[PDB]
2 protein chains.
Amino acid sequence: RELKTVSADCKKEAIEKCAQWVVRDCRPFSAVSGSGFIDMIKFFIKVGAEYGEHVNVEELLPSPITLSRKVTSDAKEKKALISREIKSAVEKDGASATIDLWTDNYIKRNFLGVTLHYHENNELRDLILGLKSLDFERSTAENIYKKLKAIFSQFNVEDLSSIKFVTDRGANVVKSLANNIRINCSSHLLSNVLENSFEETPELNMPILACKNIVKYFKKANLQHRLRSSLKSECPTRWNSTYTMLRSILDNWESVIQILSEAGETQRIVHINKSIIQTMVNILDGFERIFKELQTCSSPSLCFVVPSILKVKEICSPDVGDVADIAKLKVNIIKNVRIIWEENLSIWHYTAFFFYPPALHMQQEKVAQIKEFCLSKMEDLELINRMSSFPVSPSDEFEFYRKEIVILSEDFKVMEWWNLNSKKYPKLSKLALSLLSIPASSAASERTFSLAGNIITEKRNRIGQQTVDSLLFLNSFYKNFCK
Amino acid sequence: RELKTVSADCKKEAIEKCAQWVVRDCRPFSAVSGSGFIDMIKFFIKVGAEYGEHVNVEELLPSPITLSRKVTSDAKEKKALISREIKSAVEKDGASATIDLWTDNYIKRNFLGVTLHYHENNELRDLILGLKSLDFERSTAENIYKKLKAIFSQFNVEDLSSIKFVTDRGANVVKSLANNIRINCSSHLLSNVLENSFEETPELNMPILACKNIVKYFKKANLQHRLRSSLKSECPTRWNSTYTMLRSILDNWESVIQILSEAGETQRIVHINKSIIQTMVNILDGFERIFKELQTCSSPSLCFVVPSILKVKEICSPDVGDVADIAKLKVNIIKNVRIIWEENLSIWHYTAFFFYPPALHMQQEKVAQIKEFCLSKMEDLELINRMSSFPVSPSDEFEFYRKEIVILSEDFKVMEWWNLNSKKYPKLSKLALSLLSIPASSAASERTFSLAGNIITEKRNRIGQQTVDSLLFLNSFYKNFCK
DNA sequence: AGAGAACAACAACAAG
DNA sequence: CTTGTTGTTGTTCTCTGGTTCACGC
DNA sequence: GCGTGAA
DNA sequence: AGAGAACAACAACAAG
DNA sequence: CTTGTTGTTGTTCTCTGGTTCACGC
DNA sequence: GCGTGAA
Ligand SMILES: [Mn+2]
Ligand SMILES: [Mn+2]
Ligand SMILES: [Mn+2]
Ligand SMILES: [Mn+2]
Ligand SMILES: [Mn+2]
Ligand SMILES: [Mn+2]
């Protein structure tokens with residue numbers, strides 16, 4: 001219990017052997033603080049206590065190749081250890097998933113990422129189920145579903161009908177999940193609204209393109225070292241990319257005109273109306289709050305799609321003081337919010353918002369279909385749970401919640417609020433927490449590809465498909481089922 | 001002494017805690033076998049022997065930030081520990097160096113790499129002295145020499161006149177070392193001969209460009225996964241790059257015509273004369289033997305520039321059976337070997353070859369200037385060594401070697417041959433081993449940039465200039481002065 | 001978001 | 001009072017959102 | 001059969 | 001070269 | 001005789017050779 | 001002052 005501190009003469013020698021490990025093997029300084037590094041060092045001081053200080057270390061230490069098969073061993077092992085805890089959440093309707101496609105930068109295999117999301121004990125599960133390569137077959141809808149089912153067979157899940165899937169609107173991905181529950185990713189929808197609305201407001205082409213050519217010049221002339229914050233290029237495939245460039249120019253506006261004046265290249269910025277650049281940054285600033293919100297899988301997120309849409313309608317509210325080109329942008333944004341974003345929502349987005357206890361809003365058109373939807377889903381929950389055996393009814397329990405009153409406090413945690421209410425609401429708070437675990441976007445699959453890319457590197461390029469599948473899952477397992 | 005082996009019940013648990021470290025912290029499997037990792041694990045079993053198994057590990061383990069200053073501490077420390085062993089080799093004329101310029105792919109600083117090379121105990125030293133950034137100043141000759149002197153001041157070397165420098169023919173780098181000994185890198189020279197000779201033989205444009213467009217199609221059509229060895233693009237900035245592409249096509253020729261026929265794109269290869277592709281690969285095959293030779297710093301290399309030039313003259317010897325376009329290539333290659341490569345050699349290249357004991361060759365035009373050169377260099381060695389005090393003369397000892405007879409055996413190691421001859425030849429074998437430690441090219445600086453790039457990565461991009469300088473040197477130190 | 005890294009800028013502490 | 005060594009705070013820089021399927025006229 | 005939409 | 005990685009293909013060995 | 005676990009051999013894939021100075025007419 | 005050579 002009472003852990004002993006070593007002598008300072010023995011502790012300075014420990015920061016000397018650690019520094020020499022990072023230097024010789026070319027590891028990052030932060031390696032000395034990994035959760036698995038510490039847990040491993042604790043084991044090796046045990047071996048010194050039992051066997052003494054004269055142990056054959058090379059014989060004790062494993063080889064990298066036997067490490068490579070152990071994580072493939074353990075991957076098979078842990079997929080069975082939870083092959084039961086997983087199959088329960090799918091049965092009980094309370095499981096959702098996100099899938100998407102990615103291709104790696106070296107070998108160029110196309111990949112199918114699958115994540116899983118369900119509620120446990122006041123906390124959310126965020127599992128990487130698998131990253132299976134398509135083996136260079138065409139990314140047709142049939143092959144995708146073929147590789148989707150194959151990932152779920154790893155845990156003895158063969159149904160897939162009770163799992164709510166969240167994807168982008170890729171024509172081939174969309175068709176794969178035509179036979180089950182598919183929710184449109186709201187980060188791609190919000191991105192479509194921005195892309196189209198700027199296509200449709202070409203009055204703003206000249207200021208944006210003018211800014212784009214300043215970034216292009218600072219990179220070609222190797223001048224970003226003079227900025228305390230560098231200027232960012234506009235990459236269309238990145239969300240809110242125009243805002244990132246514009247802000248990088250504003251937040252460095254003073255030092256940019258000076259550097260430009262210095263190089264006699266002052267004509268590249270004098271025709272740029274700074275005021276409109278500032279107006280677009282204030283407008284798109286709230287879009288970044290919504291984007292970072294929609295990408296949350298550690299807390300409920302689907303319930304905020306509808307109120308975020310209202311906040312977009314509020315930002316682009318017509319204003320008598322807008323200039324002509326900004327007035328037109330706000331006009332096109334509220335349009336595409338209607339025909340691009342609202343057009344591709346579902347009762348899952350409204351019902352998730354219903355279960356946000358500040359429930360005063362959609363009292364109008366929606367509580368009809370929401371009650372019709374909520375009652376049906378509490379019905380299948382009983383149907384399933386009665387097979388688990390081998391006054392205050394749901395339509396009442398529905399309206400009993402519909403009269404609760406709670407204030408928007410900054411500490412309010414709706415997910416905690418339903419655990420602390422599972423008593424009075426037994427069967428509805430189960431439907432609610434089934435709804436509140438669905439991600440509002442496919443960002444969990446995006447992050448899986450980022451993690452994948454951290455493994456398939458320049459020097460680790462020979463790593464195999466199943467070795468990445470194994471490392472990603474185990475790393476996700478040791479996060480969701482360890483401390 | 002007799003190191004104990006642990007129980008198998010305690011050894012399986014060690015490959016389980018190692019596998020979990022690699023998984024959780026996302027480290028490569030090969031991390032379990034680093035020289036510094038093993039030396040570190042040996043220390044941690046000692047702490048378990050002394051203090052027992054209940055040690056506070058988090059308090060014992062250092063932070064990454066205190067690791068970052070320790071390697072900067074140790075870097076200052078070890079540059080003083082050898083600030084003496086280094087300054088001796090420079091004094092005794094037996095030190096050479098290679099310098100070049102590089103810029104990193106993220107922050108884009110220009111860098112000056114400096115390596116050091118001298119003889120010790122039958123083995124060669126290959127030191128990374130420093131990678132100092134120019135801080136975005138212009139890479140003028142004055143700033144380079146300014147940063148060169150600054151790297152040598154780190155070890156209290158202020159002379160630099162006794163150090164033989166080996167660089168490429170960059171106009172600015174060349175001018176920096178106008179005041180000291182500069183030897184032309186022979187890898188850049190050989191590369192100039194190839195580049196020019198192919199510019200001057202445009203009859204071969206159509207086969208090469210035809211091959212280039214097959215690689216371009218296999219990459220665009222994502223077809224390299226069908227090849228057991230992939231096709232390589234021609235990058236002009238890589239040495240023998242045309243040979244690498246051509247061979248990648250030949251070694252996969254059968255499977256390439258089949259894949260092309262399959263895609264109905266068979267017209268991209270039918271006009272390609274395979275025989276001339278094969279002739280160019282056989283010719284350039286020996287160039288790759290010379291290139292990989294010239295890049296050696298663990299064994300003597302400057303002494304092989306002259307006999308490699310002969311082997312190039314021999315490969316491109318006129319042959320009555322050559323076709324017209326190959327006959328012209330060999331004609332232009334032997335030309336540029338004369339006006340590009342031989343044009344930029346020095347008596348260091350001839351004298352280094354002289355000290356290869358199979359010394360029958362240059363008996364003609366060169367032993368005059370070589371004797372004149374060797375006698376002067378043995379003279380400054382005595383001048384220096386007499387200040388170290390606070391029959392069989394050199395001109396005889398020169399000719400005594402000039403009558404030795406030795407056979408080219410495959411095990412022959414000339415560097416070992418001069419240690420085992422320092423007795424009969426005391427003062428000449430010192431000049432010889434001073435000559436035999438000079439690198440034939442600047443590849444040591446190239447490799448320093450490769451190592452640098454292994455540190456300045458995508459996620460380690462915030463690492464500082466002096467932190468890379470420190471890590472590179474210490475890693476080089478622990479290789480040249482440890483076991 | 002939610003991952004991996006590094007470090008400038010301070011704040012606490014010790015030795016002197 | 002100084003320096004000289006450690007520890008924590010908070011900013012900056014990375015990456016995934018991608019490159020061809022499905023459909024309708 | 002070919003242009004269009006969304007990645 | 002001379003660095004960093006991974007793994008297919010076998011070879012040795014053990015358990016059964 | 002089978003499998004099932006470990007260890008070694010040898011191949012394949014990375015990167016640096018680079019992006020602007022110096023000079024002469 | 002501008003094209004050329006070598007990175
Ligand atoms: Mn997609
Ligand atoms: Mn990508
Ligand atoms: Mn160079
Ligand atoms: Mn580069
Ligand atoms: Mn995606
Ligand atoms: Mn170079």
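Residues numbered from 1 in each chain as written, not as in the entry; some residues may be left out. Chains lettered and ligands numbered in written order. Heavy atoms only, no water. Residues with missing side-chain atoms left out of burial classes, pairs and counts.

In its metadata, the entry names X-ray crystallography as the structure determination method and reports 2.851 Å as the resolution.

Observations regarding helix α20 (residues 443-455) of chain B
All names here are of chain B. In this model, α20 (13 residues) spans 19 Å end to end at C-alpha, consistent with the 18 Å of a helix rising 1.5 Å per residue. Buried within α20 are the following residues: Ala443, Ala444, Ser445, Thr448, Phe449, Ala452 and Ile455. Residues of α20 that are buried make contact with β1 (96-103), β2 (110-119), β3 (124-133) and α21 (465-480). (Helix = DSSP H or I, 4+ residues; strand = E, 2+ residues; numbered from the N terminus. Expected span 1.5 Å × (residues − 1). Buried < 20%, exposed > 50% of the residue type's maximum accessible area, 1.4 Å probe, protein only. Contact = heavy atoms within 4.5 Å.)

Here we look at the coordination of the manganese ion (ligand 1)
Residue and element names in this part refer to chain A. Of the protein atoms, only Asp100 (OD) and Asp168 (OD) coordinate the manganese ion (ligand 1), at distances of 2.5 to 2.6 Å. Between the manganese ion (ligand 1) and the manganese ion (ligand 5) the interatomic distance amounts to 4.0 Å. In this pair, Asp100 sits in strand β1 (residues 96-103) while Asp168 sits in the loop between β4 (164-167) and α7 (171-176), placing the two residues 68 residues apart along the sequence. Under the relative-accessibility criterion, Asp168 is labelled buried at 13%. (Donors = N, O, S within 2.8 Å, 3.2 Å for Na, K, Ca; no water.)

A few points about the sheet that holds strand β2 (residues 110-119) of chain A
Residues and elements named next belong to chain A. On the basis of which strands lie adjacent, the open sheet formed by five strands has the order β3-β2-β1-β4-β5 and mixed pairing. At either margin of the open sheet sits one strand with a lone partner, and together these are β3 (124-133) and β5 (181-184). Within this sheet the neighbouring strands show an average axis-to-axis angle of 25°, counted without direction. Across the sheet, helix α6 (residues 141-152) is in contact with β1, β2, β3 and β4; its angle to β2 comes to roughly 45°. (Pairing = 2+ DSSP bridges. Axes fitted to C-alpha atoms, helices over the stretch in contact; angles between N-to-C directions.)

A few points about the packing of α20 of chain B against α21 of chain B
Residues and elements named next belong to chain B. Packing of α20 against α21 brings their axes to within 10 Å, and their N-to-C directions diverge by 120°. One way to sum up the angle between α20 and α21 is to call them oblique. Regarding α20 and α21, the two cross each other, and that crossing is right-handed. Along the contact surface, α20 presents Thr448, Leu451, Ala452 and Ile455, while α21 presents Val468, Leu471 and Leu472. Counted by class, the contact of α20 with α21 contains six nonpolar, one polar and no charged residues. (Parallel < 35°, antiparallel > 145°, perpendicular 65-115°, else oblique. Left-handed = near helix turned anticlockwise from the far one by under 90°. Nonpolar A, V, L, I, M, F, W, Y, C, P; charged D, E, K, R; others polar.)

Regarding the pattern of salt bridges
All names here are of chain B. Under the criterion given, the structure shown has 44 salt bridges over all chains. When the shortest N-O distance is used, the salt bridge between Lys147 and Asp135 registers 3.6 Å. Remark: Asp135 occurs in the loop between β3 and α6 (141-152) and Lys147 occurs in helix α6; sequence separation between them is twelve residues. For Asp135, a relative accessible area of 44% translates into the label partly exposed. Between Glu397 and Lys427 there is a salt bridge whose closest N-O contact spans 3.1 Å. In this pair, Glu397 sits in helix α17 (residues 394-401) while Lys427 sits in the loop between α18 (414-419) and α19 (428-435), placing the two residues 30 residues apart along the sequence. (Salt bridge = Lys/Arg side-chain N within 4 Å of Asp/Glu carboxyl O.)

Examining the packing of helix α10 (residues 241-250) of chain B against helix α12 (residues 274-294) of chain B
Residues and elements named next belong to chain B. Axis separation between α10 and α12 bottoms out at 9 Å; the angle between their running directions is 130°. With respect to each other, α10 and α12 are oriented oblique. Seen along the crossing, α10 lies across α12 with a hand that is left-handed. Packed against α10, whose contacting residues are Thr242, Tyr243, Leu246, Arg247 and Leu250, the element α12 presents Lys274, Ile277, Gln278, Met280, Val281, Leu284, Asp285 and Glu288 at the interface. Of the residues in the contact of α10 with α12, the class split is seven nonpolar, two polar and four charged.

As for the relation of the copies chain B and chain A
It takes a turn of 180° to lay chain B on chain A, together with a shift of 0.0 Å along the axis; the resulting RMSD is 0.0 Å. Here the symmetry operator amounts to a two-fold rotation axis. Here 100% of the contact residues of chain B are again contact residues in chain A; the copies associate through an equivalent surface. (Least-squares fit on C-alpha atoms.)

Let's talk about the protein's contact with DNA strand C
Lining the immediate environment of DNA strand C, one finds 20 residues, of which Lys292 and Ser298 of chain A together with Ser68, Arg460 and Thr467 of chain B sit closest. For DNA strand C, the backbone portion of the atoms within 4 Å of the protein, that is sugar and phosphate, comes to 70%. Taking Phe29 of chain A, its main chain carries an N or O atom lying 3.1 Å from a phosphate oxygen of DNA strand C. A distance of 3.3 Å separates a phosphate oxygen of DNA strand C from a polar side-chain atom of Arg27 of chain B. At the level of secondary structure, the elements contributing two or more residues to the surface near DNA strand C comprise α20 (443-455) of chain A together with α4 (64-81) of chain B. (Near = heavy atom within 4 Å. Polar contact = N/O pair within 3.5 Å; in protein donor to acceptor, adjacent residues only side chain to side chain.)

Thoughts on the protein's contact with DNA strand D
Around DNA strand D, 28 residues are found, and the nearest of them are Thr140, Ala141, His188 and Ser450 of chain A together with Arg69 of chain B. Within the backbone of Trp239 of chain A, one N or O atom sits 3.2 Å away from a base nitrogen of DNA strand D. One nitrogen or oxygen atom from the side chain of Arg462 of chain B is found 2.9 Å from a base oxygen belonging to DNA strand D. Put simply, the parts of the chain that give the surface near DNA strand D at least two residues each are β1, α7 and α20 of chain A together with α4 of chain B.

Brief notes about the sheet that holds β3 of chain B
To summarise the sheet geometry, strands pair through backbone hydrogen bonds and adopt either a parallel or an antiparallel arrangement. All names here are of chain B. Spatially, the five strands line up as an open sheet ordered β3-β2-β1-β4-β5, and their pairing is mixed. This sheet does not close on itself; its edge strands, each paired only once, are β3 and β5 (181-184). On average, adjacent strands in this sheet sit at an angle of 25° to one another, irrespective of strand direction.

Observations concerning the domain arrangement of chain A
The domain architecture assigned to chain A consists of domain 1 (1-62) and domain 2 (63-483). Placing the centre of domain 1 of chain A and that of domain 2 of chain A at their C-alpha centroids yields a distance of 40 Å. (Domains from an automatic or database assignment.)

Observations regarding the packing of aromatic side chains
Considering all chains together, one arrives at 47 aromatic pairs over all chains under this definition. A ring pair is formed by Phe354 of chain A and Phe398 of chain A, whose centres lie 5.1 Å apart and whose planes are at 15°; its orientation type is stacked. Across the pair, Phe398 of chain A and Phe354 of chain A agree in class, each one buried. For the pair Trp21 of chain B and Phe37 of chain B, a centre-to-centre distance of 5.0 Å together with 5° between the ring planes defines the contact as stacked. Of this pair, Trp21 of chain B sits in helix α1 (residues 8-25) while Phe37 of chain B sits in helix α2 (residues 35-51), and the two are 16 residues apart along the sequence. With respect to class, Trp21 of chain B is no different from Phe37 of chain B; both count as buried. Members of the aromatic cluster, connected to one another through ring pairs, are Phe354, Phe355, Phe398, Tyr401, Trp417, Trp418 and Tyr425 of chain A. (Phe/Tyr/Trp six-rings, centres within 6.5 Å; stacked < 30°, edge-to-face > 60°.)

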